[PDB]
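Scroll down for the structure; my scribbles are underneath it.
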Number of protein chains: 2
Amino acid sequence: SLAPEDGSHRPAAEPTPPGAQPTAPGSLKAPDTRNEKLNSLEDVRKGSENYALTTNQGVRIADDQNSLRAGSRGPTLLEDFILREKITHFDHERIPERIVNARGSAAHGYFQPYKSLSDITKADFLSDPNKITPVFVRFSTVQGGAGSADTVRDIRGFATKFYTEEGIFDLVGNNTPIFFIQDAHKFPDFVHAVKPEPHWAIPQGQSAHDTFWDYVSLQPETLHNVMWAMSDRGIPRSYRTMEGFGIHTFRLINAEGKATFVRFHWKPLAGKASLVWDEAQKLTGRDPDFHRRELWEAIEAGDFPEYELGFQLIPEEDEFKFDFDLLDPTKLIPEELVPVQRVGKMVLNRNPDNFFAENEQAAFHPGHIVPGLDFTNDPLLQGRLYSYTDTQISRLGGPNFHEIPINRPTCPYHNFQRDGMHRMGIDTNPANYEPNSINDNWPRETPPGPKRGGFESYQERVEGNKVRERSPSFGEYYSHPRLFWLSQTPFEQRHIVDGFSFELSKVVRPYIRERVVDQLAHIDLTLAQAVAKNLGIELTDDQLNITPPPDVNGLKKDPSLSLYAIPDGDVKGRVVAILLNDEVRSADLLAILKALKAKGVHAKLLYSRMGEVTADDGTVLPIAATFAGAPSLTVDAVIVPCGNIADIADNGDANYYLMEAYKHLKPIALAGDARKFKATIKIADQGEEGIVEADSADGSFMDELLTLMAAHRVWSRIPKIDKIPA
Amino acid sequence: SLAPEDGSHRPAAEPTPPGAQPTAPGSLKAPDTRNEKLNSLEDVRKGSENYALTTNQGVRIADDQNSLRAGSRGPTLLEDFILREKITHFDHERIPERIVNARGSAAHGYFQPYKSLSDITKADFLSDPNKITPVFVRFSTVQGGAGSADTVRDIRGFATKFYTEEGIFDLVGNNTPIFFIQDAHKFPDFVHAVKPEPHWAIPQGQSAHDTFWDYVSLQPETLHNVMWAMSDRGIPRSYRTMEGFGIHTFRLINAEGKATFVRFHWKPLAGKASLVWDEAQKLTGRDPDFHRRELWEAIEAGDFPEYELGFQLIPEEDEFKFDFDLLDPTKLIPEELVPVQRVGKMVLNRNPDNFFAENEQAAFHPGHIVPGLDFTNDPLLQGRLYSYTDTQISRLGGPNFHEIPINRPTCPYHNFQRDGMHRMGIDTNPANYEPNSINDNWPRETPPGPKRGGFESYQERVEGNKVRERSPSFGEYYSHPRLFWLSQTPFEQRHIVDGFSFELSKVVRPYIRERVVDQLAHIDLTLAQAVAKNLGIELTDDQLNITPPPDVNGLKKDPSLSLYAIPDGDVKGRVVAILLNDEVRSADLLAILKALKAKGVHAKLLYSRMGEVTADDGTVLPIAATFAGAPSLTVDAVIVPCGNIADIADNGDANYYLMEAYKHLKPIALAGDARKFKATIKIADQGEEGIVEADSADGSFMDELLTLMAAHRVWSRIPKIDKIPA
Ligand code: HEM
Ligand code: HEM
């Protein structure tokens, strides 16, 4: 029952490209990657090699293949304590998944600021460019269960736990800069509406159903984040290629006591990139684990996800200077009005060891702040402060969830709290209360001050009556949707129109569709008309005369709201499919791989069967996957080298592979006789931008391909794809 | 007054076809469909129309849109108890999902036996053909989470709770007649191997990964159920079109105390029908809820799932008369050797009201037997008896899960058990122990007898030493795999080969694929060579010389092991896509739609946009979905009527619709100018079997199409689908 002779069961503990080795727990793949938090988990890491198999009480097991029975065909005996312990632990494996964001993928890394921020905040983790803060990040979808698919259309969660020297700070954000609703009291309404409908629990991972669009049509506050969801923001290529936002306005407090309003941003250093809808939806079927896999593999390859932290900063005296309320989380602050100041860089550089222990049990909370940070009255933030504490007690089984290893602070913690289910800490303090004399009052309160001080809330002025009332300043719902719409490129606008049209086609009750279209007519007539036409709906004269909402503080657009208007492409860590034949021209392949390797782009070698093929020069080429097994959905570009093209010329899967990649706007490159495939994608002989072609794969061919890949997708091909049957 | 004035928000309370009306809770869709269990749930059903919104304490709420704050832009106040109750209930909505079979879809129904089985069992529910037993049935996949996809390749669970007059009997079976392992002590091993891998929690809903095939390769007892899983059995078309089996040998006990060995069968009255792999995998992307949806809609349409319960019965004296052990759950009993005796009929005729409350909380247990039934020493069954009790106490929150409405017996239950979390029953008995005099010893024990007697175990002789030892009678692993293989049609054998080949290609460590292939060579050389060829592996001369395993009691095949070898087609409840154009020939459509209606086959009218088109004669045709919105994966056949074909002839989606349906072996029917689509699928001029074509949709056009549909798929097409890039 043993390992192969050749040690091929065990992956190399060295960075390797996706597919080259079986993936492995982080501490075994990258044992020399350390930080303070990863080190501190060492008390609970358990190995296995050379150890005897035992019960949980330490008793060695002789026979782990059989129950104890009276004779070998007899009844199982109740005294089999080994069987019952093993079955009981199995029987009790599951815990409640998260009520939202149950589907998520996490990794370890570190953060450091570029320069001390002491002028605007006394937060210790921002005080020194050479003081490094361990982090654990979990990225997530929102709607679906923990076993749902990665590449659904949904908002994404982006939660970062900072293990600072002055306490855990969790920054619990999303990949769009606003939320659907204004006041936390409506959260259960909204989430019930987007989640599977309660009679039949359908659909998973999708807003494309009646109840979501019903709530939307009756709650126009939702429309801004709905625009972002229906755009390609809702289908990121990778967690590495999306933006992050805290959404709410928070405060920074400096040593002088000055408060500055702040909104938090993460910039992906790999650039912004999203799938297209047909590709994203098909990919939930071909690989429901695509984003989880891609994140794990990037870290195993050395393509560490990196993000830049950035702050939009607004002085206290400028609180009311915009035509939107800063405390309204359905409103974004355009970068054109308030730029993002770069603050520091976060690098995710190691995977967990056990997904359940570290990812499933991690607990983040936006209420987890530190001195130098504070809240505001944002009525959605205010309610979140209550919710995460409450849900985690039942999800994680009691109030000692901070003792679960992943959640533990790395800085000191001491207090008079005691007991609770699964209490780990054995307190020796003779006192469990303060004030006490019997322990000289330790642990003691600490006055606030410039560093290492106790937490004190900023003394904000509160004046008003106890009311359940939405601020009048929050009652404007169309101008930000329209700013977003106007800031998208034409192809991005088309994909938005296609998102609304596809989703509303799945709404069974037609008046719900009509009411949503009426809401679109309040944002932009061109958008409303394009959706209406796809739905066979005709706008009335009144609808055509709805006056468009005002510009946002004179802005007619802000290109930072577009994924693509401003190029920010980075090809490192992207992947190319190379479609092999049984007599590959080894000169083509040499040049291809050399150029890819120079830019940090990975390759997957594909064929019509598994095993190996032999190139013209005797080189044996191992096959990663079949054309069916690793579809074009899972790669960024396709390259077909010369060789014996007749081997694959009439293979349906190989032809379809090119048709699918072509449809989904990916760069394709064809060398030598592979150019015969130009017929399948049915498109000229002078060639076309987006298809690289040459007698062979030279320097120039690869440079062209690599340039297209830096632009992510071939948008100019869009008019050509409605004709292809794929 | 948010409801539309025309009342179109509310589905009609009468049977309607899939897509015609919004779906609804069962008691609102079908209020007149009643049984004793459904009636008994009336005490906990809660309505809503005309009632005030309240807290859970009954306090009316005035403003469910806002939190209580100090000023309309101020902080939220801790005194907002309305907000806190609503968010707390929300925060605590989730419970742990089931450890296996977390993904499942359920319905209410009723069972009746065909005749009294008093001669072989004193079970009350089988005593009288006029005795109706309410049932609740849940069908499930096994590996994936509750939010994973339906049409994965997996075993399916088929669990039936019989609410009998002498106790709940749960028949907790699968859709194949054997299990992967022999002894319950290995269940955590096997389940851990198939489930997502522990470092990264990948893959969901798939056995296509290293750990599963590592375990299979080291445990040849698994091979028989592995053959079933790799066959089209692993991908059923519908829960309505798969077989059910209790797997284990149990006993029936009659009034005279005679024991008869029994294995339980469910026969689907709708026939056996499965998907093909590329279809199944893509459908997990296009509609991960396809089986759940299909079940619910069948019941809403009146296409009630019906199954015939059947027994294979073996006299006690015949225990040792087979080449295989009756207590070995990796062995099936061939129907050629022991026929299934028809026992009664089960009809599922009403959906749940609330999925969580009825489906998610339902608890089934194979240990829930009734007098007239008993267990055997099958060492897998023996361990199951321990596990379900134990898991349900954590899953459902305590020992009073039998008081959760869906789980309650409809017969009396009284005993001395008290307390426990969530105790609903208020016991008035002065006594909580027996024997007692202070309540005259009530409730009292009941002697066993012919009817209404207490449970007494059959007095089976036990003789042996206490051993953890597998019976040598269980040590044979290849003959049942071979009998299965040899019983499959040539196309089924091909789909088995492709299943192994596809799955093994995703195993990253090659030696593992090699080891599986070796195991295949012990089953059947043709099978092993064909998988080997697809994996680029050459068998050794030793491998080529392995002698096949013996026949199973002289049988070299049993056709009842095939899905298709014996026609059992049933078209009622199936569905056809009809591809519209903007001037449909209304005569073809009247004939098409009435032909389908007469046989109970549903239609979905499809186009390039939503809304309406107008037929040649002015008939308005309402559009159900777009070509991309409702892909050929979701239908059984496709019909293209004549009209203005030019409207859709260049539509890539409309052409691809036919390609996809063609590839997946579905019947396609083309009327008049729709025959121009023959070129998209490469159909010869003189036609081919599996494509119905005529000048018009009259005469025998619809009969021929319906004949194809009764045979499910056009298997003869398999060699043709190899070209076609789809
Ligand atoms: C700006 C709007 C919000 C954002 C950006 C957001 C973000 C997130 C994220 C990223 C997670 C997952 C953390 C993880 O990976 O474990 C999460 C979980 C959760 N959120 Fe929020 N959220 C928002 C609004 C709300 C509201 C209004 C409430 C309720 C008042 C709420 C309650 C919850 C709950 C109960 C969890 C599960 C936490 C756990 O089980 O540990 N969220 N949220
Ligand atoms: C012939 C073999 C088996 C069959 C046919 C089978 C069938 C099933 C089915 C259909 C379910 C889902 C019931 C539902 O819909 O809620 C289930 C659940 C479950 N099974 Fe089995 N099973 C088998 C073997 C085992 C074994 C050997 C064990 C452990 C010793 C086991 C432990 C469990 C557990 C813990 C659950 C979850 C039950 C709950 O949470 O209510 N099963 N089984």
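By order in the structure tokens, chains are A, B, ...; within a chain, residues start at 1; ligands start at 1, following the order shown.
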Proximity check chain A to ligand 1, 7 Å, nearest pairs one decimal Å, only C-alpha atoms and all ligand atoms, as JSON lines:
{"residue": "A:98", "atom": "CA", "partner": "ligand 1", "partner_atom_place_in_ligand_line": "40 (O)", "distance": 4.1}
{"residue": "A:99", "atom": "CA", "partner": "ligand 1", "partner_atom_place_in_ligand_line": "37 (C)", "distance": 5.4}
{"residue": "A:100", "atom": "CA", "partner": "ligand 1", "partner_atom_place_in_ligand_line": "36 (C)", "distance": 5.4}
{"residue": "A:101", "atom": "CA", "partner": "ligand 1", "partner_atom_place_in_ligand_line": "12 (C)", "distance": 5.0}
{"residue": "A:104", "atom": "CA", "partner": "ligand 1", "partner_atom_place_in_ligand_line": "15 (O)", "distance": 6.2}
{"residue": "A:138", "atom": "CA", "partner": "ligand 1", "partner_atom_place_in_ligand_line": "15 (O)", "distance": 4.8}
{"residue": "A:139", "atom": "CA", "partner": "ligand 1", "partner_atom_place_in_ligand_line": "15 (O)", "distance": 5.9}
{"residue": "A:140", "atom": "CA", "partner": "ligand 1", "partner_atom_place_in_ligand_line": "15 (O)", "distance": 6.0}
{"residue": "A:157", "atom": "CA", "partner": "ligand 1", "partner_atom_place_in_ligand_line": "10 (C)", "distance": 3.6}
{"residue": "A:158", "atom": "CA", "partner": "ligand 1", "partner_atom_place_in_ligand_line": "10 (C)", "distance": 4.9}
{"residue": "A:159", "atom": "CA", "partner": "ligand 1", "partner_atom_place_in_ligand_line": "10 (C)", "distance": 4.8}
{"residue": "A:172", "atom": "CA", "partner": "ligand 1", "partner_atom_place_in_ligand_line": "10 (C)", "distance": 4.9}
{"residue": "A:173", "atom": "CA", "partner": "ligand 1", "partner_atom_place_in_ligand_line": "5 (C)", "distance": 3.8}
{"residue": "A:174", "atom": "CA", "partner": "ligand 1", "partner_atom_place_in_ligand_line": "5 (C)", "distance": 4.6}
{"residue": "A:178", "atom": "CA", "partner": "ligand 1", "partner_atom_place_in_ligand_line": "1 (C)", "distance": 6.7}
{"residue": "A:179", "atom": "CA", "partner": "ligand 1", "partner_atom_place_in_ligand_line": "1 (C)", "distance": 5.3}
{"residue": "A:184", "atom": "CA", "partner": "ligand 1", "partner_atom_place_in_ligand_line": "27 (C)", "distance": 4.2}
{"residue": "A:185", "atom": "CA", "partner": "ligand 1", "partner_atom_place_in_ligand_line": "30 (C)", "distance": 6.8}
{"residue": "A:187", "atom": "CA", "partner": "ligand 1", "partner_atom_place_in_ligand_line": "27 (C)", "distance": 5.2}
{"residue": "A:246", "atom": "CA", "partner": "ligand 1", "partner_atom_place_in_ligand_line": "5 (C)", "distance": 6.0}
{"residue": "A:247", "atom": "CA", "partner": "ligand 1", "partner_atom_place_in_ligand_line": "1 (C)", "distance": 5.2}
{"residue": "A:248", "atom": "CA", "partner": "ligand 1", "partner_atom_place_in_ligand_line": "1 (C)", "distance": 6.1}
{"residue": "A:329", "atom": "CA", "partner": "ligand 1", "partner_atom_place_in_ligand_line": "1 (C)", "distance": 6.7}
{"residue": "A:362", "atom": "CA", "partner": "ligand 1", "partner_atom_place_in_ligand_line": "16 (O)", "distance": 6.2}
{"residue": "A:363", "atom": "CA", "partner": "ligand 1", "partner_atom_place_in_ligand_line": "41 (O)", "distance": 4.5}
{"residue": "A:364", "atom": "CA", "partner": "ligand 1", "partner_atom_place_in_ligand_line": "13 (C)", "distance": 5.5}
{"residue": "A:380", "atom": "CA", "partner": "ligand 1", "partner_atom_place_in_ligand_line": "27 (C)", "distance": 5.1}
{"residue": "A:381", "atom": "CA", "partner": "ligand 1", "partner_atom_place_in_ligand_line": "27 (C)", "distance": 6.6}
{"residue": "A:383", "atom": "CA", "partner": "ligand 1", "partner_atom_place_in_ligand_line": "30 (C)", "distance": 4.7}
{"residue": "A:384", "atom": "CA", "partner": "ligand 1", "partner_atom_place_in_ligand_line": "30 (C)", "distance": 4.0}
{"residue": "A:386", "atom": "CA", "partner": "ligand 1", "partner_atom_place_in_ligand_line": "30 (C)", "distance": 6.9}
{"residue": "A:387", "atom": "CA", "partner": "ligand 1", "partner_atom_place_in_ligand_line": "29 (C)", "distance": 5.1}
{"residue": "A:388", "atom": "CA", "partner": "ligand 1", "partner_atom_place_in_ligand_line": "35 (C)", "distance": 4.9}
{"residue": "A:391", "atom": "CA", "partner": "ligand 1", "partner_atom_place_in_ligand_line": "35 (C)", "distance": 5.3}
{"residue": "A:392", "atom": "CA", "partner": "ligand 1", "partner_atom_place_in_ligand_line": "41 (O)", "distance": 5.2}
{"residue": "A:395", "atom": "CA", "partner": "ligand 1", "partner_atom_place_in_ligand_line": "40 (O)", "distance": 6.2}
Produce a file of the selected residues containing N, CA, C and O atoms, as a compact mmCIF listing (two decimals), in the first residue's frame.
# COMPACT_ATOMS: atom_id res chain seq x y z
N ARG A 98 -21.11 29.74 6.75
CA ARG A 98 -21.45 31.17 6.94
C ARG A 98 -22.82 31.53 6.31
O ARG A 98 -23.17 30.98 5.31
N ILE A 99 -23.64 32.35 6.97
CA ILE A 99 -24.97 32.66 6.48
C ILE A 99 -24.86 33.34 5.11
O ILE A 99 -25.68 33.09 4.24
N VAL A 100 -23.83 34.20 4.92
CA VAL A 100 -23.47 34.72 3.56
C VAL A 100 -21.96 34.48 3.37
O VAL A 100 -21.21 34.34 4.38
N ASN A 101 -21.51 34.44 2.12
CA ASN A 101 -20.09 34.24 1.81
C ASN A 101 -19.64 32.87 2.25
O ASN A 101 -18.48 32.71 2.61
N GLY A 104 -15.67 30.29 -0.15
CA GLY A 104 -14.52 31.20 -0.01
C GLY A 104 -13.19 30.47 -0.04
O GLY A 104 -13.12 29.25 0.19
N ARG A 138 -9.34 35.97 3.13
CA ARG A 138 -10.32 35.05 2.49
C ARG A 138 -11.15 35.82 1.47
O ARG A 138 -11.78 36.86 1.78
N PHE A 139 -11.17 35.29 0.26
CA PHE A 139 -11.99 35.82 -0.82
C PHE A 139 -13.20 34.91 -0.96
O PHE A 139 -13.07 33.72 -0.73
N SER A 140 -14.34 35.45 -1.43
CA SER A 140 -15.59 34.68 -1.38
C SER A 140 -16.59 35.19 -2.39
O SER A 140 -16.47 36.32 -2.87
N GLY A 157 -16.55 38.86 -1.90
CA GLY A 157 -16.01 39.29 -0.57
C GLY A 157 -14.50 39.31 -0.62
O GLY A 157 -13.89 38.50 -1.28
N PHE A 158 -13.88 40.20 0.15
CA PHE A 158 -12.41 40.34 0.19
C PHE A 158 -12.14 40.76 1.63
O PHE A 158 -12.20 41.96 1.97
N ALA A 159 -11.88 39.77 2.48
CA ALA A 159 -11.71 40.00 3.95
C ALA A 159 -10.24 39.78 4.30
O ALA A 159 -9.69 38.72 3.94
N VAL A 172 -13.07 44.05 6.18
CA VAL A 172 -14.02 43.07 5.64
C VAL A 172 -14.79 43.80 4.53
O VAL A 172 -15.81 44.46 4.78
N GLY A 173 -14.27 43.67 3.31
CA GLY A 173 -14.76 44.42 2.16
C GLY A 173 -15.25 43.53 1.02
O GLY A 173 -15.36 42.30 1.16
N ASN A 174 -15.54 44.16 -0.12
CA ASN A 174 -16.14 43.52 -1.28
C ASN A 174 -15.37 44.01 -2.49
O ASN A 174 -14.53 44.94 -2.39
N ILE A 178 -19.64 49.99 -3.33
CA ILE A 178 -20.89 50.29 -2.66
C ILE A 178 -21.62 49.02 -2.33
O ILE A 178 -21.29 47.95 -2.86
N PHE A 179 -22.69 49.15 -1.53
CA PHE A 179 -23.53 47.98 -1.24
C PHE A 179 -24.94 48.21 -1.82
O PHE A 179 -25.23 49.28 -2.29
N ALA A 184 -28.78 48.45 7.75
CA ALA A 184 -28.58 47.05 8.09
C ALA A 184 -29.91 46.34 8.44
O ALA A 184 -30.01 45.11 8.31
N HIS A 185 -30.93 47.08 8.89
CA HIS A 185 -32.23 46.45 9.24
C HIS A 185 -32.85 45.69 8.04
O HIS A 185 -33.61 44.75 8.23
N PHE A 187 -31.05 44.09 5.84
CA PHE A 187 -30.13 43.03 5.32
C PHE A 187 -30.84 41.68 5.16
O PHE A 187 -30.70 41.05 4.13
N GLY A 246 -13.55 48.83 1.22
CA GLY A 246 -14.21 48.69 2.54
C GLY A 246 -15.68 49.14 2.50
O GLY A 246 -16.44 48.85 3.43
N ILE A 247 -16.01 49.91 1.44
CA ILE A 247 -17.33 50.51 1.14
C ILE A 247 -17.64 51.69 2.09
O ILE A 247 -17.76 52.81 1.63
N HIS A 248 -17.76 51.42 3.40
CA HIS A 248 -18.09 52.46 4.35
C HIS A 248 -17.01 53.51 4.57
O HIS A 248 -15.81 53.28 4.39
N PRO A 329 -23.78 54.14 2.05
CA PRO A 329 -22.97 53.07 1.44
C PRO A 329 -23.49 52.61 0.08
O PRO A 329 -22.91 51.71 -0.52
N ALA A 362 -12.06 30.40 10.05
CA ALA A 362 -11.63 31.83 10.23
C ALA A 362 -12.87 32.72 10.47
O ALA A 362 -13.91 32.54 9.81
N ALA A 363 -12.72 33.72 11.36
CA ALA A 363 -13.81 34.57 11.73
C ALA A 363 -13.34 36.00 11.59
O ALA A 363 -12.44 36.45 12.32
N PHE A 364 -13.94 36.74 10.66
CA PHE A 364 -13.56 38.18 10.47
C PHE A 364 -14.68 39.04 11.00
O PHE A 364 -15.83 38.61 11.02
N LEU A 380 -25.58 51.12 7.69
CA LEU A 380 -25.25 49.73 7.28
C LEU A 380 -24.07 49.20 8.06
O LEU A 380 -24.12 48.10 8.61
N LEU A 381 -23.00 50.02 8.18
CA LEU A 381 -21.86 49.67 9.09
C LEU A 381 -22.34 49.48 10.54
O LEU A 381 -21.95 48.55 11.21
N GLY A 383 -25.08 48.46 11.88
CA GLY A 383 -25.68 47.15 12.09
C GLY A 383 -24.71 46.00 11.92
O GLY A 383 -24.82 44.95 12.65
N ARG A 384 -23.76 46.11 10.98
CA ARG A 384 -22.79 45.01 10.85
C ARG A 384 -22.08 44.84 12.17
O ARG A 384 -21.68 43.71 12.56
N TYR A 386 -23.03 44.60 15.09
CA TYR A 386 -23.80 43.68 15.96
C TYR A 386 -23.74 42.24 15.41
O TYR A 386 -23.63 41.26 16.16
N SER A 387 -23.80 42.13 14.10
CA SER A 387 -24.09 40.83 13.44
C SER A 387 -22.98 39.80 13.51
O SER A 387 -23.25 38.62 13.65
N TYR A 388 -21.73 40.20 13.39
CA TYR A 388 -20.71 39.13 13.17
C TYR A 388 -20.40 38.42 14.48
O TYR A 388 -20.10 37.25 14.48
N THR A 391 -23.38 35.92 15.00
CA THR A 391 -23.39 34.71 14.15
C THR A 391 -22.24 33.70 14.48
O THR A 391 -22.42 32.48 14.40
N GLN A 392 -21.07 34.20 14.88
CA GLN A 392 -19.89 33.39 15.11
C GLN A 392 -20.02 32.51 16.37
O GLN A 392 -19.45 31.41 16.48
N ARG A 395 -22.00 29.65 14.75
CA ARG A 395 -21.18 28.99 13.68
C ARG A 395 -19.99 28.21 14.26
O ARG A 395 -19.70 27.06 13.86
What lies within 9 Å of residue 20 of chain A using only C-alpha atoms, ignoring chain neighbours under 6 positions off, as number ranges by chain?
A: 11, 624; B: 508
With N, CA, C and O atoms retained, write the just-selected residues as a PDB file, in the first residue's frame.
ATOM      1  N   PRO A  11       5.045  16.016  -3.919  1.00  0.00           N
ATOM      2  CA  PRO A  11       5.455  17.202  -4.740  1.00  0.00           C
ATOM      3  C   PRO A  11       6.753  17.816  -4.241  1.00  0.00           C
ATOM      4  O   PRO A  11       7.004  17.792  -3.016  1.00  0.00           O
ATOM      5  N   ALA A 624      -0.764  17.230 -20.316  1.00  0.00           N
ATOM      6  CA  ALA A 624      -1.358  17.681 -19.078  1.00  0.00           C
ATOM      7  C   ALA A 624      -2.819  17.251 -18.947  1.00  0.00           C
ATOM      8  O   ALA A 624      -3.318  17.005 -17.845  1.00  0.00           O
TER       9      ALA A 624
ATOM     10  N   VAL B 508      -3.558  13.369 -10.944  1.00  0.00           N
ATOM     11  CA  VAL B 508      -2.317  14.064 -11.339  1.00  0.00           C
ATOM     12  C   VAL B 508      -1.116  13.140 -11.224  1.00  0.00           C
ATOM     13  O   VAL B 508      -0.110  13.285 -11.935  1.00  0.00           O
TER      14      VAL B 508
END
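Among A:87, A:53, A:705, A:62, the residue with the shortest atom-to-atom distance to ligand 2, counting only C-alpha atoms and all ligand atoms, is A:87.
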Segment 20-125 of chain A: which residues are alpha helix (DSSP H) by DSSP, as a ChimeraX atom specification?
/A:26-29,36-40,81-91
Could you take the residues named above and write them with N, CA and C atoms, as a short mmCIF file (atom, residue, chain, number, x, y, z; two decimals), in the first residue's frame?
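Below is the file part26.cif, written as the result:
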data_model
loop_
_atom_site.label_atom_id
_atom_site.label_comp_id
_atom_site.auth_asym_id
_atom_site.auth_seq_id
_atom_site.Cartn_x
_atom_site.Cartn_y
_atom_site.Cartn_z
N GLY A 26 0.43 24.02 2.58
CA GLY A 26 1.43 25.09 2.49
C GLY A 26 2.74 24.85 3.22
N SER A 27 2.68 24.27 4.43
CA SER A 27 3.90 24.12 5.24
C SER A 27 4.82 23.02 4.66
N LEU A 28 4.24 22.08 3.91
CA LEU A 28 5.02 21.13 3.19
C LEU A 28 5.48 21.62 1.77
N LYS A 29 4.68 22.42 1.08
CA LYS A 29 5.11 22.95 -0.22
C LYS A 29 6.22 23.98 -0.07
N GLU A 36 5.27 35.86 11.38
CA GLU A 36 5.00 35.63 12.82
C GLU A 36 3.74 34.76 13.09
N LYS A 37 2.72 34.96 12.30
CA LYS A 37 1.48 34.22 12.52
C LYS A 37 1.65 32.79 12.09
N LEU A 38 2.20 32.58 10.90
CA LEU A 38 2.44 31.16 10.48
C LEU A 38 3.28 30.38 11.50
N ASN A 39 4.34 31.00 12.02
CA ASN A 39 5.18 30.41 13.08
C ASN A 39 4.36 30.03 14.30
N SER A 40 3.48 30.94 14.75
CA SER A 40 2.71 30.79 15.98
C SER A 40 1.71 29.63 15.86
N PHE A 81 -14.75 0.20 20.73
CA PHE A 81 -14.57 1.61 21.07
C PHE A 81 -13.77 2.33 19.98
N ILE A 82 -12.99 1.56 19.22
CA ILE A 82 -12.17 2.11 18.14
C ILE A 82 -13.06 2.52 16.97
N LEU A 83 -13.93 1.59 16.54
CA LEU A 83 -14.99 1.88 15.55
C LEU A 83 -15.84 3.07 16.05
N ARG A 84 -16.35 3.05 17.28
CA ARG A 84 -17.28 4.14 17.65
C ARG A 84 -16.57 5.51 17.69
N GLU A 85 -15.33 5.58 18.18
CA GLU A 85 -14.67 6.89 18.19
C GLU A 85 -14.50 7.38 16.74
N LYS A 86 -14.07 6.47 15.88
CA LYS A 86 -13.76 6.86 14.51
C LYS A 86 -15.06 7.34 13.78
N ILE A 87 -16.13 6.55 13.90
CA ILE A 87 -17.41 6.92 13.32
C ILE A 87 -17.98 8.17 13.96
N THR A 88 -17.84 8.33 15.28
CA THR A 88 -18.42 9.53 15.93
C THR A 88 -17.73 10.78 15.43
N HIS A 89 -16.40 10.69 15.34
CA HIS A 89 -15.72 11.93 14.85
C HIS A 89 -16.13 12.26 13.45
N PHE A 90 -16.22 11.24 12.61
CA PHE A 90 -16.74 11.45 11.26
C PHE A 90 -18.17 12.09 11.28
N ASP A 91 -19.04 11.52 12.10
CA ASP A 91 -20.47 11.90 12.17
C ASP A 91 -20.63 13.36 12.56
#
Close residues, residue 496 of chain A itself excluded, 9 Å, only C-alpha atoms, min 5 positions apart in chain, as a ChimeraX atom specification:
/A:227-232,485,491,501,527
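Ranking A:676, A:509, A:599, A:604 by their shortest atom-to-atom distance to chain B, with only C-alpha atoms included, puts A:509 first.
Near segment 268-283 of chain A, within a cut-off of 7 Å and counting only C-alpha atoms, sit the residues residues 151, 152, 232, 233, 235, 236, 237, 240, 241, 242, 243, 306, 307, 308, 563, 568, 569, 570, 633 and 664 of chain A; 282, 285 and 286 of chain B, with same-chain residues fewer than 6 positions away left out.
Around segment 532-547 of chain A, within 8 Å and counting only C-alpha atoms, the residues found are residues 501, 504, 505, 514, 517, 518, 521, 522, 525 and 528 of chain A; 609, 610, 611 and 612 of chain B, once anything fewer than 4 positions away on its own chain is removed.
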Nearest to chain A by atom-to-atom distance, counting only C-alpha atoms, from B:214, B:469, B:434, B:617:
B:469
Taking only segment 506-709 of chain B into account, list the residues labelled strand (DSSP E or B) by DSSP (computed from the backbone), as a PyMOL selection string.
chain B and resi 552+555+575-579+602-607+612-614+620-622+625-626+637-640+668-671+691-694
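What separates atom CA of residue 449 of chain A from atom CA of residue 163 of chain A is a distance of 20.6 Å.
If you measure from each of B:18, B:687, B:554, B:448 to chain A using only C-alpha atoms, the closest one turns out to be B:18.
The nearest approach to ligand 2 among the residues B:75, B:188, B:397, B:699, with only C-alpha atoms and all ligand atoms taken into account, belongs to B:188.
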